[PDB]
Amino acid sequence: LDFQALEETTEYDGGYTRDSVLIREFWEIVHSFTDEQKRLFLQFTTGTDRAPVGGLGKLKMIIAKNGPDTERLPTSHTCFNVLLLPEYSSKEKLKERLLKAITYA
């Protein structure tokens, strides 16, 4: 399990970046995890303890800041979906572009 490949593909939200103190602390902790902890981490964040094909660099993972210091635990969503939709200039254009995308792939 290549957690360097996961670190290199991870995206951030809520104010975090790869340079955030919290994120640098996070990757130090994960790189120091036992193999058992690495498997539990994948189960919690992805819903499985196995890498996908192509290894962990093929995962889509976002780490998002959802509050300041707290006693509350981290949470996850294991099956998020995203539609990337440009701001087309008209309703007519949006319909043609969306129909083309869903119908021809």
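Residue numbers here begin at 1 and follow the sequence given.
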item: Comparing 35-43 with 52-60, the one whose average Cα B-factor in the PDB entry is higher; value: 52-60
item: 5-13 or 84-92, whichever carries the higher mean Cα B-factor; value: 5-13
item: Assigned third (lowest, middle, highest) for the C-alpha B factor of residue 99; value: middle
item: Residue 70 CA temperature factor, ranked by third within the chain; value: lowest
